[PDB]
Amino acid sequence: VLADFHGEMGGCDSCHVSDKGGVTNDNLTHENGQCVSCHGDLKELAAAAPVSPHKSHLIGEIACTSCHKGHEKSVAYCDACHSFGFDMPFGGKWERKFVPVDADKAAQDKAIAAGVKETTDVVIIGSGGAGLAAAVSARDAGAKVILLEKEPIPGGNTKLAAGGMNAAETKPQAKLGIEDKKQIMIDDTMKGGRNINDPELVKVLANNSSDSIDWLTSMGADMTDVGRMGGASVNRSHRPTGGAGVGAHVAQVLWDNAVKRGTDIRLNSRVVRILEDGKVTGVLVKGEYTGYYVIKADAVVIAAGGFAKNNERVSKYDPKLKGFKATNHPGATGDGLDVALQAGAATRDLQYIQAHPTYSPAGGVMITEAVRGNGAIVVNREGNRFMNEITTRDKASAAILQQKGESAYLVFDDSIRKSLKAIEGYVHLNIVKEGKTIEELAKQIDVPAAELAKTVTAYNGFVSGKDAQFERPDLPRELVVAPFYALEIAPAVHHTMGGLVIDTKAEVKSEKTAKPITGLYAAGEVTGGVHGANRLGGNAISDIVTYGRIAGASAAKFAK
Ligand SMILES: Cc1cc2nc3c(=O)[nH]c(=O)nc-3n(C[C@H](O)[C@@H](O)[C@@H](O)COP(=O)(O)OP(=O)(O)OC[C@H]3O[C@@H](n4cnc5c(N)ncnc54)[C@H](O)[C@@H]3O)c2cc1C
Ligand code: HEC
Ligand code: HEC
Ligand code: HEC
Ligand code: HEC
């Protein structure tokens with residue numbers, strides 16, 4: 001393993017700050033500083049390559065040591081989701097074993113009394129979009145902030161986002177001639193979530209839309225290309241120019257503005273217990289390399305994201321999903337909830353679990369809803385349609401599940417490809433089948449040519465504005481410019497709509513006293529209420545930025 005190959009050279013000293021060994025802090029800044037000093041940084045190594053592991057869509061600081069492990073085998077972090085078969089020096093298999101947030105309780109207790117190490121104003125749990133947005137906001141005229149992330153790299157699921165951040169009205173919307181109104185945000189969001197959404201929450205998720213999309217803009221962002229996500233009316237899923245993805249883009253812009261103000265960001269740092277006055281007093285952090293430690297603070301923003309990804313838990317509410325795959329990064333396992341629950345927080349809609357209908361088994365990645373949005377039709381194993389491709393995710397997941405072999409085929413054109421740049425990525429991953437004709441496409445896919453062609457030529461007729469098969473309301477493009485493409489997709493656990501109970505101010509309410517537990521804040525996928533029982537495409541990112549801002553600001557007034 002790497003540190004032995006380097007022990008052979010000059011010592012412990014090479015990397016560690018001292019000759020005895022040991023890490024100073026959990027971000028591992030010294031050591032990574034030593035990596036770069038003899039090997040160069042990522043740009044340098046990226047430039048040197050001919051798909052390289054040293055240059056990717058990942059956002060924020062990506063330590064060398066997140067893959068190049070000192071005292072143990074090393075693994076590309078890319079293998080959490082892809083199977084690139086990189087040949088990593090000192091290689092190993094990617095493996096994560098979920099460990100309870102409460103186990104090693106003696107140790108945690110032994111460690112809570114054992115001093116008091118640092119004190120800050122406001123602690124933020126997690127570095128996706130809700131956590132960084134809170135960082136900007138707490139920090140931005142207010143307090144001191146210490147943000148902890150347990151992964152070795154930042155941005156959670158936020159950074160994988162593909163399809164857009166919903167916004168209403170006054171976004172750049174003006175500029176494209178897209179006519180839209182606030183109440184039409186609320187109203188499709190109540191419709192989408194089957195009318196149980198907390199109405200006050202959906203309201204602020206409507207009424208702050210525009211400013212969250214202006215905020216991002218005050219910061220360096222690019223929210224100007226707009227599309228159609230399943231379930232809304234007037235077009236409104238904001239994204240970067242020409243069909244790229246908002247996630248990475250938003251994460252990155254929030255990471256830099258968070259780092260640019262004075263946030264104290266720390267990776268390899270899991271919050272495992274909120275500190276009990278019962279007013280929140282601090283937090284119990286297990287730094288992966290520095291051990292346990294207390295942070296005293298006056299406000300705790302919980303922004304830990306969802307639990308999709310923990311198949312043990314998801315299978316506990318909806319065992320249909322047992323064994324299913326997830327579209328999430330490896331950190332969305334429910335830690336956050338557990339920490340909050342321990343602190344006596346109330347929750348709601350924990351059982352409504354969103355499965356994304358078009359995940360790719362072969363690539364280990366979700367394939368954006370925008371591919372259907374821009375014109376793709378979906379086809380079963382027989383060669384025919386079976387659904388209104390822009391329906392709600394739950395109905396779309398269900399119909400593919402009810403099909404010959406449990407999977408289905410996205411089929412689109414050269415015209416749909418051109419028009420949605422996320423498609424270049426799928427092409428880059430080698431997961432896209434290509435036909436010079438539909439007959440050619442059929443052979444690759446193993447679906448029958450006459451039947452698929454008849455399907456496509458009929459779908460074209462529907463395209464003539466009427467889908468006399470399945471009612472699809474929008475028929476954007478015809479599907480007639482060669483070459484023609486296909487990808488088999490299937491449903492995968494994606495988002496957990498439920499979670500902690502919070503108000504419009506981001507406060508968390510106690511189960512027992514049905515009022516706020518003091519100084520306890522929360523924002524993002526870890527909360528419940530915003531999406532009722534079904535989340536609309538593009539409402540996650542809008543929820544997270546709006547609600548992070550509110551959670552950061554609320555927490556700063558607290559302590560002030
Ligand atoms: C593949 C994919 C595509 C999606 N695309 C879109 C889209 O295009 N538009 C849209 O609106 N929505 C989209 N969604 C939904 C959107 O991504 C939200 O679900 C996601 O942004 C959640 O934001 P968050 O801040 O709550 O959490 P995350 O981004 O998950 O950030 C989470 C931080 O907490 C860290 N953490 C967890 N527990 C602890 C702990 N105990 N201590 C320390 N750190 C901890 C986690 O590792 C995590 O990084 C997408 C989701 C996925 C997975
Ligand atoms: C200078 C004193 C170094 C520091 C600090 C680190 N590394 Fe290193 N590394 C160094 C040398 C001179 C070599 C040898 C080349 C040879 O052919 O013998 C290496 C080797 C590696 C490798 C190579 C595996 C291989 O393909 O042969 C890797 C992946 C590597 N080093 C990574 C690495 C990391 C992650 C470090 C930070 C902890 C780091 N090195 C420190 C010199 C020095
Ligand atoms: C995971 C995404 C990685 C991160 C972050 C870093 N490295 Fe890397 N490194 C990784 C792989 C999978 C490989 C080898 C396989 C391949 O096909 O590239 C490497 C290779 C190296 C090497 C040897 C090759 C070379 O060009 O010298 C070195 C010295 C090295 N890596 C060092 C290094 C440093 C200094 C990093 C921080 C900037 C770093 N790696 C990040 C995987 C990943
Ligand atoms: C799970 C959290 C991932 C990790 C870790 C890495 N990638 Fe990824 N990657 C993931 C998704 C969900 C997507 C598709 C997004 C979309 O627009 O639908 C991707 C995309 C790619 C691509 C193609 C598109 C592009 O932007 O080039 C490549 C080449 C790719 N990913 C490679 C890659 C590497 C080298 C990684 C290690 C640094 C890596 N990914 C991490 C999911 C996840
Ligand atoms: C660079 C290649 C290293 C050398 C030569 C040594 N270590 Fe060492 N160390 C390195 C890294 C990247 C880490 C972080 C975690 C990981 O395993 O990747 C560490 C961490 C440690 C520890 C903590 C143990 C743990 O919980 O994993 C110790 C005790 C430590 N480092 C000591 C140490 C000693 C005594 C060394 C001399 C032989 C030494 N390390 C070499 C990177 C490197």
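Start at 1 and go down the list; that is how both ligands and their atoms are numbered. Residues: numbered from 1 along the sequence shown.
Residue contact check: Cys81 has heavy atoms under 4.0 Å from atoms 1 (C), 2 (C), 3 (C), 4 (C), 5 (C), 42 (C), 43 (C) of ligand 4. For ligand 1, the atoms closer than 4.0 angstrom to any heavy atom of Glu151 are 47 (O). For ligand 1, the atoms sitting less than 4.0 Å from at least one non-hydrogen atom of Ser127 are 33 (C), numbered in the order shown with element in parentheses. If you number the atoms of ligand 1 from 1 as listed, the ones under 4.0 Å from a heavy atom of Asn539 come out as 11 (O). In summary, the atoms of ligand 4 found under 4.0 Å from a heavy atom of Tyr77, numbered by their order in the structure, are 5 (C). Those atoms of ligand 4 that come under 4.0 Å of a heavy atom in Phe84, given as number and element, are 30 (C), 32 (C), 33 (C), 34 (C), 35 (C). Numbered from 1 in the order shown, with element, the atoms of ligand 1 that lie under 4.0 Å from a heavy atom of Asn328 read 53 (C). Which parts of ligand 4 touch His329 is read off a 4.0 Å heavy-atom cut-off, strictly below it: atoms 2 (C). Using a 4.0 Å cut-off to heavy atoms of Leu148, the atoms of ligand 1 that qualify are 43 (C), 44 (N). Atoms of ligand 1 lying under 4.0 Å from at least one heavy atom of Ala130, given by number and element, are 25 (O). Each of the following atoms of ligand 1 lies closer than 4.0 Å to a heavy atom of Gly524: 26 (O). Atom numbering of ligand 1 starts at 1 in the shown order; those under 4.0 Å from a heavy atom of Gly305 are 26 (O), 27 (O).
Considering backbone and side-chain N/O atoms, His68 comes within less than 3.5 Å of an N/O atom of ligand 3. Between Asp87 and ligand 3, no N or O atom pair is found at a separation short of 3.5 Å. Residue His57 has at least one nitrogen or oxygen atom sitting less than 3.5 Å from a nitrogen or oxygen atom of ligand 4, judged on distance alone. Residue-to-ligand polar distances place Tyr426 within reach of ligand 4: an N/O pair is separated by less than 3.5 Å. At least one N or O atom of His82 sits closer than 3.5 Å to an N or O atom of ligand 4.
Comparing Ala49, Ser74, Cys78, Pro89 by heavy-atom distance to atom 14 (C) of ligand 3, the nearest is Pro89. Of the listed options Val526, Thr158, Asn268, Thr158 places a heavy atom closest to atom 23 (O) of ligand 1. Nearest-residue assignment for atom 48 (C) of ligand 1 (options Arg273, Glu149, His495; heavy-atom criterion): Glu149. The closest non-hydrogen atom to atom 16 (C) of ligand 3, taken over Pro152, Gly85, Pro53, comes from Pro53.
Residue contact annotation: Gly155 has a non-hydrogen atom under 4.0 Å from ligand 1. Using a non-hydrogen distance threshold of 4.0 Å, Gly40 registers as a contact of ligand 3. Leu160 counts as a contact of ligand 4, since one of its heavy atoms falls under 4.0 Å from the ligand. Remark: distances from the non-hydrogen atoms of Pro330 to ligand 1 are all 4.0 Å or more. Not a single heavy atom of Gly247 sits under 4.0 Å from any atom of ligand 1.
Note: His494 and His356 have perpendicular aromatic rings, judged against thresholds of 30 and 60 degrees for the angle between ring planes. Ring planes of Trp94 and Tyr77: perpendicular class, angle over 60° (limits at 30 and 60°). Ring geometry for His54 versus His68: interplanar angle under 30°, hence parallel rather than tilted (30 to 60°).
Screening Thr189, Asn197, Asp543, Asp349 for a side-chain hydrogen bond (donor to acceptor under 3.5 Å, both in side chains) with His531, the sole residue that qualifies is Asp543.
Taking all atoms of both residues into account, the shortest heavy-atom contact from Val202 to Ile186 is CG1-CA, 3.7 Å.
Contact annotation: the side chain of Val75 never approaches that of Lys73 to less than 4.5 Å [non-hydrogen atoms, C-beta and beyond].
Judged by distance alone, the side chains of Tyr293 and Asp26 never bring a donor and an acceptor atom under 3.5 Å apart. The closest side-chain donor-acceptor pair between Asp394 and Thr392 falls under 3.5 angstrom.
Counting heavy atoms under 4.0 Å from ligand 1, residue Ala161 touches it through both backbone and side chain. At a heavy-atom distance under 4.0 Å, no atom of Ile62 approaches ligand 4.
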